[PDB]
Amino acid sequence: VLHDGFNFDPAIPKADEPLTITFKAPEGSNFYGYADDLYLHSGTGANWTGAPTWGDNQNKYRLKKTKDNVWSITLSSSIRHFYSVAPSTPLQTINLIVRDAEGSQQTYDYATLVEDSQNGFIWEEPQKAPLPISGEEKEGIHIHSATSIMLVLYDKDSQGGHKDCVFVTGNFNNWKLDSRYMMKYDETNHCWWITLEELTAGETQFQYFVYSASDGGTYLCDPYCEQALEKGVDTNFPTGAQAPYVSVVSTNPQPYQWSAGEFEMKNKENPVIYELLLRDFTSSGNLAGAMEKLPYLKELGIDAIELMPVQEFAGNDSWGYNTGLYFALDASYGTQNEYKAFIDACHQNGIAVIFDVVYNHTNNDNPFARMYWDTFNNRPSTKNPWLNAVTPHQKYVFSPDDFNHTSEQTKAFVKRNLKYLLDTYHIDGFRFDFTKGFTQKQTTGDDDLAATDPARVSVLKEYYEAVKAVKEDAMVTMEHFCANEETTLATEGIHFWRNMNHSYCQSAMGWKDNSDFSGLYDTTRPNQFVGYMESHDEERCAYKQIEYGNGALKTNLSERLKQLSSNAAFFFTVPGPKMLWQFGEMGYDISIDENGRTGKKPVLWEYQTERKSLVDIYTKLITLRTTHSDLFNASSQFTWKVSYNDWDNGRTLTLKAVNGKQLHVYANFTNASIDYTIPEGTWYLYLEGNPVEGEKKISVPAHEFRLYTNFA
C-alpha cells in the first residue's frame, strides 16, 4: 500500500469519482515527525485551475494525520466537483503541494494523471516500438516533410528506469493530453518517439508531458529545439502550455545565405579578443545595435569578438550564465538568422566570433532538470542521468542544476552542442565558463576544488578534441583558474584566462602594492594564456581611479587617461593572446556594482569622443601587433621590470624578435617626473616617428610612457 510521497485511492484517479490522497513523509524529509495536520494546495490542468489563495486553511483542504508521517484527505463527491470544473472540461491532471498551516514549509509542484472517461480520456498501456532511425544524433526534432516531424526524447534514469508514459501536446491538438499523441518507448535506445503527420501552417508549438507512478507528471520542452517561447517574455506564449518553455519548429523556413569564402581568424596564435555583452554594448541591447558598431571594432584592430552567453537564458535581462536551452539562442538579442547575419558581418570585417558557453550548470527550466526532479527538495532527483541532486563543489553554487560531467549522456550532449554551434553559426571558437566546475569530487573551499581532478582534466581534453574534430583551427579558451591542470592542458593547445585585473587596477590607481604585471606573460607557453586587465567579472580600472586613486588620479581625467595608456603600453606589447572588456579602450568608469553587479550598465558612446586619446593609443598598440607580427611571435625574447620593486624609477620591458627587431617601453606610474636613460642603440618613437639617441637622459612626466622601436 503506502509508498513515499503521494498515494491515490483509487490507484487511477477518475475525474467524476471521489479521490483519497494520502501523503507519507519519507525519513529525512521536512515533514518527517511533524506533529500537526497538513494542508493541500492543488488545482487542475497545466495552469492549476481552482487553486486556492496560498495558506487557505478551510477544513476541506486539511490532510488529517491518521498515523505517524501519514496524512489523508478525500476530495468528496468528485475530483471535478471539488475544483468546480464543468462536466465537458477534460480534467486530465491534478497538481498537489502539501504545506504547514502557516504556509512556511511545503512540498513543490507535483502532478498526477486523472482518467476522464466521460470526455474520451481513457487509460491505455503505452506501446514498445523500435526507433525507426539509426544514425548519430537520434534524440531531438527531425523534420521529414513540410507537414511531418519525428520527435525522439531520451529517457533512462541513473538506476536504469524510465517513465510510464509520455504525451506530446501542442498547437496541433489544442494543448490536450490525447492517447493518439502517446509516444512509443524503445527499451534498447532508451528513447520515446512519435511521428506527427498533417501539421499545417508554418510554426508547430509543442511540449511533452512525461509521467511515472514514482515521480508523477511534468511538462517540459524538447532539449534540442532551435526556437522556443518563454512564459513571461513572449506575449504569444500559448494559454494551454505550462511555463516555462514551448518548443517551436518551422518545417520550411527562410534559409540564411552566407557570404562566400573560408574566413580564418587573423593573428590566430595570439589574438586580441574584445569581450562584448549584447545587452549593454548598445542602447537597443541586441544584434541589430551591435552590427552598426562593427566598423568601430574593425578600426580598433581586434582579431575576435567574444560574446557573453547567447544561448537561451532565464528571462531577457541577463549576463546569460543561466542557460535553460542549449540549441536555441536567446530571442531577446535576435532571431536565428540575425545571429548568422551578425557573425557573417564580423567575418566580412575580418573579425572572428567566439561564443561564451556555460556547461557547469543549467537552470530549473531545462528539460534535463524537469525530466528527473525532486518535488520534496526542489532540485534534481538522485535518478537524474545528466545532473547532480546537490552541487559537489559547495564553494560555487551558481544554480540548483549542476551537470555531472562523468555522465556519458552529459558528455554526448555537450559534444553534440559544440558541433551544432560550429556547424550552424560558423563561429571561430569557444570560451568555456567555469571549467573548474566540471568535477564530481565533494569540496567546500577553493584549495580542495583547485587540486588536480584527473576526471576534470580528461573531460576537458575530451571537449577540446571534439571541437578540433569539427574545426581544426577553432580557438578553445577555458576560464579554469586551477594552475596545475592549466600547465597539463596548455600542453594540449587549450588557452586559459589569465586575470591581471588586480595588478593593473593597482597601477591605474598609482599604488605600487600588489601591482606586479609579471603574471601576464607565461614563460613556458606565452601563447596559451589570454591576459586581461578587465573582464565582465571585474571592477573597471578607471572606476578605481575615481574612488581610491593616488592624488590627482581621483579627479584629473587627463592624468587618468595617461596612466591607463601606460597600463596599455605594458599590455598590448606583451606576447600571447590579450582580452579587453567592452569600453576599456575609452576608460569606461562606471562601477561594476552600479545597478547591481549583473544589472544593466549605462551605454556611454560619447566616451569614444571625450576619451579619443585613450582609444587612439589602444588602436595604435593593437595595430602594431599586425604591422610588426614577427615581433610578437612567442619565439621573441621578452624581459621586463614590473615587480613591487620596479616603481620609484619606472618600469621597462624589451621584446627582441629572432630577426633583430626590438621594442622597448618605459613608464612612470608615479605622481612625479622621473629621469630615465634610454638603452644603447638607434630608437624611434614609433607611436608619433623621428629618431632618438640611446644612452640619452630624458625626463618622463608623471603617468606617461615612452615606446621605442629599433626600426621604422
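Residue numbers run from 1 along the displayed sequence.
J.: What is the count, as a class, of unmodelled deposited residues between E688 and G689: none, 1 to 3, 4 to 9, or 10 or more?
T.: Just 1 to 3 residues are missing between them.
J.: Averaging the C-alpha B factors as listed in the entry, name the stretch that ends up higher: 502 to 510 or 195 to 203.
T.: If you average the C-alpha B-factors of 502 to 510 and of 195 to 203, the larger mean comes out for 195 to 203.
J.: Quick check: 66 to 74 versus 662 to 670, which has the larger average CA B-factor in the record?
T.: For C-alpha atoms only, the mean B-factor is higher in 66 to 74.
J.: Check the PDB entry and point out which of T44, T53, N30, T652 has the largest C-alpha temperature factor.
T.: Within the set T44, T53, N30, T652, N30 shows the top C-alpha B-factor.
J.: If I read the C-alpha B-factors straight from the PDB entry, which of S407, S515, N171, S535 is highest?
T.: Answer for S407, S515, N171, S535: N171, with the highest C-alpha B-factor.
J.: Sorting by Cα B-factor within the chain, modelled residues only, which third would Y684 end up in: lowest, middle or highest?
T.: For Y684, whose C-alpha B-factor we compare with every modelled residue in the chain, the answer is the highest third.
J.: Ordered by C-alpha B-factor within the chain, which third holds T627? Give me lowest, middle or highest, please.
T.: It falls in the top third of the chain.
J.: Would you check the entry's CA temperature factor for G437 and let me know if it's in the chain's lowest, middle or highest third?
T.: Its C-alpha B-factor, which the entry lists for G437, ranks in the lowest third among residues of this chain.
J.: Can you tell me whether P380 has a C-alpha B-factor in the lowest, middle or highest third compared with the other modelled residues of the same chain?
T.: For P380, whose C-alpha B-factor we compare with every modelled residue in the chain, the answer is the lowest third.
J.: Ranked by Cα temperature factor within the chain, is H162 in the lowest third, the middle third or the highest third?
T.: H162: CA B-factor falls in the middle third of its chain.
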